[PDB]
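Undergrad: sequence plus experimental coordinates follow:
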Amino acid sequence: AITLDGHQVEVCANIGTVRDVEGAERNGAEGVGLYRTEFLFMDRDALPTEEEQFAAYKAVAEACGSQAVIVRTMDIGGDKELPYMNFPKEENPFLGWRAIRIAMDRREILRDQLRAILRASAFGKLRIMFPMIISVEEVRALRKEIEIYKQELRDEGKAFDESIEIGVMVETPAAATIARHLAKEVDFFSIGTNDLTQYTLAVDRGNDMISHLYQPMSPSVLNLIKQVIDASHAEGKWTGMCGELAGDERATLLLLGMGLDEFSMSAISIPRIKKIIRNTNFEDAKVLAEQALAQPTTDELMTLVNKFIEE
Amino acid sequence: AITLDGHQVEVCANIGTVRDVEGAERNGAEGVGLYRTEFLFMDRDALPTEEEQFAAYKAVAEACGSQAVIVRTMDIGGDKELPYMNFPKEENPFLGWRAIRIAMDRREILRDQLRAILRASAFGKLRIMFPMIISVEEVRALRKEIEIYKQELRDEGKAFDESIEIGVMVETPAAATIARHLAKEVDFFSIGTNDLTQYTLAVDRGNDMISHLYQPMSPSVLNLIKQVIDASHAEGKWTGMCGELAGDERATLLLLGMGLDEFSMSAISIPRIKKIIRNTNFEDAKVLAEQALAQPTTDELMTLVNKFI
């Protein structure tokens, strides 16, 4: 996954359970850019114990081998009906009691999952990623808690990856705007376009009245993405993408030009994207992205992008 | 409303009906920074015709006199408020079929409201403000419609302010990011922090479980705000404040430091704010805002803000 002029971009897969790893590797995945950990929490009568979580994370870590696996801490919410969770009704569930916030106020979940991931990190290169981050305060508190549990495992005599990398899933406009200060604290970003676009454009995709307004290729959201990417690069770090847009061949060349460091998508699409990257010149795509992200409307931007693709 | 070093800031009030105008002037209001036009649409069974809106807007425009009045186009929403609108039920009303869009796809609203406002602009300096703008595409379509209705009104023999000023209420992060491109098309900005903070931090204020996360004074929202202000100034234009935060003396000094051009509130607080602006140095507040908005945490920001005091 390196361009004709030598720009390397890690192309990975998204997985939901151990099984999907097989199909990922069959399709040439260069790693796991997103491990959805919802499968363990959903459809149970009790929270998935730390031992079961450790077993699953071990399974994936060992199934990958030399590849790195990014674990996404719980990202559930109100919509997903979990009967043993006693959820509250919210006027705007898409904007309410969900993701990291649940974890932070229900500390059992955090403790279990973080300890499990830390233990599993001893059998592979694991990375921890948090969703729905909005403030540097949350990341600092989370680093405190991570160090607490790291020491708790040390005092128990259990081995873990002391150099374990921590990252944020930049899916809120807040994290995108304060991206430079978060990049001063964590190791990587993974934007997950879906939620970033929905929050930036203030549009619910599952609302047929304005579904026509969901445009991840609009200058606003794409320039926020470029801001996050440049923030990561300013700190000598990197940014990835695991949202659907990563698996979109219409945006692959543009995102490459923007300097994106990692693509993560559903296994099936990995080959196509790979090909594009291997047959594109990174500097020309960077010039394209520079010219594009300066347009005021999605249509002019797409005109330029498709014009470039016309070669 | 001028500082001791000579920075002028038009400080206005927000109003809900003609009556409230009185309360503004008693407190030294220098204008109306936003006329909320929901009062006419709510508690009805039919859309308020252009004539009723024209009467109300004329009333306000003439009640002000030489002052400028910013009328805010409809900002309706909600689960199901007025049944004569045949609302659809939506999982996320705060993120769904909102006013500005409501107007655009139910176009009768546009012609009615814009015709009324343009006609009333002949009796005072009126300005039009749009909420919930997210894209230059929407603003361009609305400018097309505004010119359509201005010319159509000309052929009807009605007089209006040919220099009628147009502005955007920047309440979505999208509009905040494309502020420079929007400033090349409209005349002014007027930020609605209420909704902007909710959209940037992805927090529903009316959700008690995470209400503690609503922080309009966090570096994220405030840096988006400064982005909008500098975008307006880059185009030689101006930006105002219409959210509740404008009426907060805790933030007024900082907002002035950021280069804000207008404050708008329910009038009651105008005296307080007035004093502050006249008793603060704009350049010192500029330095304060520069160093403050560079902090990574809300608490450090608040520390510096209160330290200045």
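TA: Good, I have the coordinates. Residues are numbered from 1 along each chain as shown, chains lettered A, B, ... in the order given.
Undergrad: from here on, just use CA atoms for contacts and neighbour counts.
TA: Will do.
Undergrad: just the helices in chain A please.
TA: Secondary structure of chain A (DSSP state H): helices located at A:18-26, A:38-41, A:50-64, A:100-105, A:107-120, A:136-156, A:173-177, A:179-183, A:193-201, A:219-234, A:249-257, A:270-278, A:282-292, A:298-309.
Undergrad: now distance to chain B and mean neighbour count too, for those, in TSV please.
TA: Conversion of the helices of chain A to TSV gives the following (distance: least, CA to the nearest CA, whole Å; neighbours: other CA atoms under 10 Å in any protein chain shown):
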stretch	distance to chain B	mean neighbour count
helix A:18-26	31	17
helix A:38-41	21	16
helix A:50-64	26	20
helix A:100-105	8	18
helix A:107-120	15	20
helix A:136-156	6	15
helix A:173-177	5	28
helix A:179-183	6	24
helix A:193-201	5	25
helix A:219-234	5	23
helix A:249-257	19	21
helix A:270-278	28	18
helix A:282-292	14	18
helix A:298-309	8	16
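Undergrad: put together CSV for the ones you listed, with distance to residue B:237 on each row.
TA: Listed next are the helices of chain A as CSV, based on distance: least, CA to CA, whole Å:
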stretch, distance to residue B:237
helix A:18-26, 53
helix A:38-41, 49
helix A:50-64, 55
helix A:100-105, 40
helix A:107-120, 48
helix A:136-156, 33
helix A:173-177, 24
helix A:179-183, 28
helix A:193-201, 24
helix A:219-234, 21
helix A:249-257, 33
helix A:270-278, 43
helix A:282-292, 26
helix A:298-309, 25
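Undergrad: for residue B:42, which of those helices is the nearest?
TA: helix A:193-201 (26.5 Å; CA to CA).
Undergrad: and stretch A:230-246, end to end?
TA: 18 Å (CA to CA, to the nearest Å).
Undergrad: buried stuff in that stretch?
TA: A:230-233, A:235, A:237-243, A:245-246 (16 or more other CA atoms under 10 Å in any protein chain shown).
Undergrad: without its sequence neighbours, what residue ends up closest to residue A:215?
TA: residue A:197 (7.3 Å; CA to CA, 6 or more residues apart in numbering or on different chains).
Undergrad: what residues are up against that neighbour?
TA: Going by CA atoms under 8 Å, 6 or more residues apart in numbering or on different chains, residue A:197 touches A:214-216, A:221.
Undergrad: most neighbours among those, please name it.
TA: Neighbour counts for those (other CA atoms under 10 Å in any protein chain shown) peak at residue A:221, which has 26 neighbours.
Undergrad: roughly how far does that one sit from residue A:204?
TA: Relative to residue A:204, residue A:221 is positioned 15 Å away (CA to CA).
Undergrad: and residue A:249, by the same measure?
TA: Distance of residue A:249 to residue A:204, given as CA to CA: 24 Å.
Undergrad: also residue A:296?
TA: Taken as CA to CA, the span from residue A:296 to residue A:204 is 22 Å.
Undergrad: quick one: residues in contact with stretch A:65-79.
TA: Under CA under 8 Å, 6+ apart, the answer for stretch A:65-79 is A:30-38, A:41, A:60-61, A:87-90, A:93-94, A:96-100, A:102-103, A:113-114, A:117, A:124-131.
Undergrad: who does residue A:72 bridge with?
TA: residue A:36, residue A:129 (DSSP bridges).
Undergrad: what is the neighbour count of it?
TA: If you count neighbours by other CA under 10 Å, residue A:72 ends up with 20.
Undergrad: coming back round to it: what about residue A:296 and residue A:204, which has more around it?
TA: The residue with more neighbours, out of residue A:296 and residue A:204, is residue A:204; 25 against 20, by other CA under 10 Å.
Undergrad: how about the contacts made by the more buried one?
TA: Here residue A:204 is in contact with A:198, A:210-211, A:214, B:92, B:95-96 (CA under 8 Å, 6+ apart).
Undergrad: farthest-separated two in these?
TA: Spanning the widest gap among those are A:214 and B:92, at 14.6 Å by CA to CA.
Undergrad: pull the contacting residues for the closest residue to residue A:262 other than its chain neighbours.
TA: Spatial nearest neighbour of residue A:262, excluding adjacent residues (CA to CA, 6+ apart): residue A:240 at 4.2 Å. By CA under 8 Å, 6+ apart, the residues touching residue A:240 are A:33, A:188-191, A:260-264.
Undergrad: give me the beta-bridge partners of residue A:240?
TA: Here residue A:240, judged by DSSP bridges, has bridge partners residue A:190, residue A:262.
Undergrad: phi, psi of residue A:204?
TA: Torsion angles at residue A:204 (phi, psi; degrees, to the nearest 10) stand at phi -90, psi 120.
Undergrad: about what we covered before: which of the contacts of stretch A:65-79 count as buried?
TA: Using 16+ other CA under 10 Å as the burial test, these include A:30-37, A:41, A:60-61, A:90, A:93-94, A:96-100, A:102-103, A:113-114, A:117, A:124-131 as buried.
Undergrad: ok, and the closest non-adjacent residue to residue A:196?
TA: That would be residue A:171: by CA to CA, 6+ apart, it lies 4.3 Å from residue A:196.
Undergrad: wait, what's in contact with the residue nearest to residue A:194 when sequence neighbours are not counted?
TA: Once flanking residues are discounted, residue A:194 sits nearest to residue A:243: 5.8 Å by CA to CA, 6+ apart. Neighbouring residues of residue A:243 by CA under 8 Å, 6+ apart: A:191-194, A:264-265.
Undergrad: now do residue A:243 against chain B, distance only.
TA: Distance, residue A:243 to chain B, using CA to the nearest CA, to the nearest Å: 18 Å.
Undergrad: now residue A:188
TA: Taken as CA to the nearest CA, the span from residue A:188 to chain B is 18 Å.
Undergrad: neighbours of that residue, how many?
TA: Using other CA under 10 Å: residue A:188 sits among 26 other residues.
Undergrad: correct me if wrong: it contacts residue A:233.
TA: No: in this structure, residue A:188 is not within contact of residue A:233 by CA atoms under 8 Å, at 10.0 Å.
Undergrad: now the common contact residues for the two.
TA: residue A:239.
Undergrad: excluding its backbone neighbours, what's nearest whichever residue of the stretch 1-150 of chain A sits closest to chain B?
TA: At 4.8 Å from chain B, residue A:92 is the closest residue in the stretch 1-150 of chain A, using CA to the nearest CA. Leaving aside its sequence neighbours, residue A:92 sits nearest to residue B:92 (CA to CA, 6+ apart; 4.8 Å).
Undergrad: check contacts around residue A:214.
TA: Going by CA under 8 Å, 6+ apart, the list of residues near residue A:214 reads A:197-198, A:201, A:203-205.
Undergrad: please repeat the previous calculation with a cut-off of 7 Å.
TA: If a contact means CA atoms under 7 Å, 6 or more residues apart in numbering or on different chains, then residue A:214 has A:198, A:203, A:205 as its contacts.
Undergrad: can you list phi and psi of it for me?
TA: phi -70, psi 110.
Undergrad: can you give me the distance of it to chain B?
TA: Taken as CA to the nearest CA, the span from residue A:214 to chain B is 11 Å.
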